[PDB]
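Breakdown of the fold
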There are 2 protein chains.
Amino acid sequence: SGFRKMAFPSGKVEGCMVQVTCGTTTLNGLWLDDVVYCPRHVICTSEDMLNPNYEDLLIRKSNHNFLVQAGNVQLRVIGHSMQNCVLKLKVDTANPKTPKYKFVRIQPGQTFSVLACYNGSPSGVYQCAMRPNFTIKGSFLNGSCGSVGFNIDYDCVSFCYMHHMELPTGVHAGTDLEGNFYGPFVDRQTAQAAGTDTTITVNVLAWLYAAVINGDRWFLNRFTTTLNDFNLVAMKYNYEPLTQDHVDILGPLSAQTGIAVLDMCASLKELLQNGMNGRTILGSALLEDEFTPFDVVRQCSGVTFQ
Amino acid sequence: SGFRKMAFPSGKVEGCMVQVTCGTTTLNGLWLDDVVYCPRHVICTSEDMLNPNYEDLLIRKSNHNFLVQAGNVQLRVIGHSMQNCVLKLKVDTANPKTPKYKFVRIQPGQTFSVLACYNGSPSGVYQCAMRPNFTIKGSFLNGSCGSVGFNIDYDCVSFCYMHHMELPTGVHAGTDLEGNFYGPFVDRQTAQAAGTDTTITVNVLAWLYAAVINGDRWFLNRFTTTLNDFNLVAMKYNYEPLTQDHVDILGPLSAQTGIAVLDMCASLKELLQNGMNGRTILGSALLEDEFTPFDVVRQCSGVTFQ
Ligand SMILES: *C(=N)[C@H](C[C@@H]1CCNC1=O)NC(=O)[C@@H]1[C@@H]2[C@H](CN1C(=O)[C@@H](NC(=O)NC(C)(C)C)C(C)(C)C)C2(C)C
Ligand SMILES: *C(=N)[C@H](C[C@@H]1CCNC1=O)NC(=O)[C@@H]1[C@@H]2[C@H](CN1C(=O)[C@@H](NC(=O)NC(C)(C)C)C(C)(C)C)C2(C)C
């Protein structure tokens with residue numbers, strides 16, 4: 001029993017993290033086979049950041065301007081190129097610890113683990129969701145750029161996020177591993193702001209199922225509702241609309257608990273309208289939306305990885 | 001900026017986890033140098049658990065009754081002994097991935113990361129605190145026994161917890177790595193219950209400092225209080241008493257924010273008496289007590305490990 005915000009084990013990623021220095025700027029890189037991936041803004045000076053011309057800035061660099069350190073070993077850079085917003089440094093040594101991996105671009109609502117790093121060294125791991133406005137609510141300080149987000153599927157590391165910047169509201173923005181930003185952000189210091197965020201409805205329902213599995217049943221009721229009546233209520237409260245795909249995704253949890261999806265929606269509708277009135281669910285006094293249906297199954301069924 | 005429940009990177013522990021089978025029971029073991037540590041209840045059958053005589057049960061076993069698997073490799077057990085509630089299996093191979101480590105018995109209020117495992121394989125990592133009643137609020141399913149809790153200090157893994165059992169309230173109990181239970185629990189299926197829990201005051205104050213560091217200041221006020229007036233209020237609300245040692249521990253955070261400890265206690269006193277009135281702190285609508293002062297410093301200053 002029990003329910004925690006659980007991250008994937010980080011060991012397979014820790015062995016891929018390196019330190020990248022260009023000029024006075026040091027951040028983190030991801031070393032897979034013989035390529036080191038890192039944010040291209042590592043090539044900017046203070047002068048450059050209001051409106052950098054990255055093609056100009058890169059043509060003025062040579063391989064020896066990039067210092068790559070894996071622990072104490074220095075890696076020799078033998079080529080460099082830019083793909084969208086990531087720099088790719090070809091090095092003379094293939095990482096012997098390269099895991100089986102793929103690069104994936106995730107959608108809003110999906111969750112992943114972040115390995116936060118400074119100077120090429122892991123500081124800590126935590127779980128977070130891609131918000132509907134394409135930011136993440138992370139925890140990052142100076143020097144953290146290049147830290148990556150990932151999932152594990154059996155034996156395969158799926159990299160989905162590389163950290164680039166913090167927005168003035170204290171939330172975070174970055175790219176997939178092919179260098180494309182999530183959201184409408186750009187890697188220059190121009191005024192930018194996150195859109196308004198919404199609550200990820202399908203995840204809130206998954207977490208209410210987890211609560212039932214763990215014995216928290218006080219919010220259940222005998223009613224039911226329809227998708228259209230539910231979605232009309234949800235939109236008043238800044239909740240994402242529920243689709244039939246979402247209903248089907250929640251199938252395994254509905255079956256395990258014997259509570260139909262649209263029954264659970266009727267409970268959520270009540271919680272939105274009347275509130276929780278100083279009661280808690282799974283130790284929280286707010287409705288939680290950073291667990292996916294798969295996260296719940298994984299943690300309430302005990303899935304492992306190799 | 002940002003503040004998350006952050007676990008230590010798990011890589012150094014993942015390489016120490018193995019599978020231990022005795023009879024029909026399989027759980028996890030910890031493989032350090034040439035010794036595998038695991039809960040001694042692995043030697044019990046269903047018949048044995050109401051009142052096992054572990055000395056009898058162990059004398060009836062031989063080395064070949066214990067199957068130890070590290071991935072696909074089988075490890076040959078060459079000796080066995082019992083220390084308190086842990087079994088120590090001597091094996092013929094020293095783990096080449098043994099990190100620098102020590103064994104530490106922690107006190108209530110301290111936090112650590114748990115690497116939850118099934119069949120010798122890591123499922124996920126999460127952070128939790130040793131509660132004042134010597135339980136942890138973990139997330140564990142069948143087969144999870146032998147999963148360990150740990151901290152990292154520079155280059156050294158400090159193991160502090162091995163999982164043994166779940167109590168009827170859904171919380172968890174286990175031992176240090178020398179086999180001594182935390183709390184008044186025993187490894188037999190007799191009626192046992194956790195004492196009443198209290199809230200870890202020094203951690204709540206640390207988390208309020210984190211909130212200030214991250215810009216959440218609405219709960220601050222101009223008042224101040226004394227330790228004795230504070231402790232009189234705190235005891236009414238099931239909060240642990242505050243000591244002068246606690247005040248000194250909070251020194252670095254007081255200095256960084258310019259808010260004196262006893263000033264912050266006056267804010268907490270107000271929060272206890274009037275409540276939060278539907279406002280949140282660091283995204284929570286409850287006062288959080290599973291971050292230590294060191295956890296806050298580490299995460300708001302960016303400490304790493306090697
Ligand atoms: C990467 N190492 C840091 C990560 C920052 C440090 C504090 N927390 C974080 O997430 N990222 C950067 O240095 C990026 C990079 C230049 C500035 N910047 C920022 O994150 C700034 N934000 C910023 O300028 N935001 C707007 C929306 C563009 C105004 C900063 C340092 C947090 C003020 C560039 C964007 C190229
Ligand atoms: C270890 N693999 C499991 C971990 C359990 C499984 C569900 N979640 C957990 O934390 N632990 C055990 O099998 C221990 C072990 C025998 C039973 N037991 C329990 O955890 C039971 N609890 C129990 O009997 N509790 C009281 C307080 C003693 C009544 C169970 C399976 C959760 C009912 C022994 C204690 C030797």
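**Remarks on the packing of aromatic side chains**
Within the structure shown, the criterion is met by 18 aromatic pairs over all chains. Here the aromatic rings of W218 of chain A and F219 of chain A are separated by 5.8 Å at their centres, their planes lie at 85 degrees, and the arrangement is edge-to-face. With a relative accessible area of 5%, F219 of chain A lands in the buried category. Summarising the aromatic geometry, the rings of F8 of chain B and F305 of chain B are spaced 5.2 Å apart at their centres and angled 65 degrees between planes, so their arrangement reads as edge-to-face. Placement of the pair is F8 of chain B in the segment before α1 (11–14) and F305 of chain B in the segment after α8 (293–301), with a sequence separation of 297 residues. Classification of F305 of chain B as buried rests on a relative accessible area of 9%. One aromatic cluster is present, formed by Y37, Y101, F103 and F159 of chain A through successive ring pairs. It is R105 of chain A that lies over the ring of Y182 of chain A; its NZ or CZ is 4.6 Å from the centre.

**Things to note about the state of the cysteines**
All told, the structure shown has 0 disulfides over all chains when counted by the stated rule. Not engaged in a disulfide, the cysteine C265 of chain A finds its nearest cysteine sulfur in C300 of chain A; these two sulfurs lie 19 Å apart. Considering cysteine sulfurs only, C16 of chain B is the nearest to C117 of chain B, which forms no disulfide, with 10 Å between them.

**Here we look at the pattern of salt bridges**
Across all of its chains, the model carries 24 salt bridges over all chains by this definition. Residues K5 of chain B and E288 of chain B are paired through a salt bridge, measuring 3.0 Å at the closest nitrogen-oxygen approach. Residue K5 of chain B is found in the segment before α1, and its partner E288 of chain B is found in the loop between α7 (261–274) and α8; the two are separated by 283 residues along the sequence. On the accessibility criterion, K5 of chain B (28% relative accessible area) is partly exposed. Put simply, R4 of chain A together with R131, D197, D289 and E290 of chain B are held in one network by salt bridges that share partners.

**Some words on the domain arrangement of chain A**
Annotation of chain A at the domain level lists domain 1 (11–91) and domain 2 (201–300). On a C-alpha basis, the centroid separation for the pair domain 1 of chain A and domain 2 of chain A is 44 Å.

**Quick word on the site of ligand 2**
Residues and elements named next belong to chain B. Lining the immediate surroundings of ligand 2 are 20 residues, of which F140, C145, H163, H164 and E166 lie closest. Here a nitrogen atom of ligand 2 sits 3.2 Å away from a polar atom, N or O, in the main chain of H164. In the environment of ligand 2, an oxygen atom lies 3.0 Å from a nitrogen or oxygen atom belonging to the backbone of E166. Surface burial for ligand 2 is 77%, taken as the share of its 710 Å² of free accessible area covered by protein chains. Top element by residues in the shell around ligand 2 is strand β12 (residues 156–166). It accounts for 4 residues.

**Here's the deal with the pairing of strand β7 (residues 86–91) of chain B**
For a regular strand, side-chain orientation follows a simple rule: the groups alternate between the two sheet faces. Residue and element names in this part refer to chain B. Examined bridge by bridge, strand β3 (residues 35–39) and β7 share 5 bridges and lie antiparallel to one another. For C38, the partnering residue across the bridge sits in β7 and is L87. The hairpin formed by strand β6 (residues 77–83) and β7 contains 2 residues between the paired strands, and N84 there has a positive phi angle of roughly 55 degrees.

**Side note on the interface of chain B and chain A**
Across the contact, 45 residues belong to chain B and 45 residues belong to chain A. For the chain B and chain A pair, buried surface summed over both sides reaches about 3200 Å², with 51% attributable to carbon and sulfur atoms. When residues of chain B are sorted by the area they lose upon contact with chain A, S1, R4 and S123 of chain B head the list and together hold 21% of the total. Run the count over chain B and chain A and you get 2 salt bridges. A salt bridge links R4 of chain B to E290 of chain A; the nearest nitrogen and oxygen atoms lie 2.9 Å apart. Counting across the chain B and chain A interface gives 25 residue pairs in polar contact. Breaking the side of chain B that touches chain A down by element, the ones donating at least two residues are α1, β9 (111–118), β10 (121–129) and α8 of chain B. Of the residues forming the side of chain B that touches chain A, the biggest block, 8 residues, is contributed by β10 of chain B. A class-by-class count of the residues in the side of chain B that touches chain A yields 18 nonpolar, 21 polar and 6 charged.

**Here's the deal with α8 of chain B**
Along α8 of chain B, the residues that are buried comprise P293, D295, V296, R298, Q299 and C300 of chain B. Just beyond α8 of chain B, the residue with positive phi is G302 of chain B, at close to 90 degrees.

Criteria and thresholds
Residues numbered from 1 in each chain as written, not as in the entry; some residues may be left out. Chains lettered and ligands numbered in written order. Heavy atoms only, no water. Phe/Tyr/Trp six-rings, centres within 6.5 Å; stacked < 30°, edge-to-face > 60°. Buried < 20%, exposed > 50% of the residue type's maximum accessible area, 1.4 Å probe, protein only. Helix = DSSP H or I, 4+ residues; strand = E, 2+ residues; numbered from the N terminus. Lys NZ or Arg CZ within 6 Å of the ring centre and 35° of its normal. Disulfide = S-S within 2.5 Å. Salt bridge = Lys/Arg side-chain N within 4 Å of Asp/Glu carboxyl O. Domains from an automatic or database assignment. Near = heavy atom within 4 Å. Polar contact = N/O pair within 3.5 Å; in protein donor to acceptor, adjacent residues only side chain to side chain. Areas by Shrake-Rupley, 256 points an atom, 1.4 Å probe, with all protein chains shown as cover. Pairing = 2+ DSSP bridges. Contact = heavy atoms within 4.5 Å. Buried area = accessible area lost by both parts, 1.4 Å probe. Nonpolar A, V, L, I, M, F, W, Y, C, P; charged D, E, K, R; others polar.

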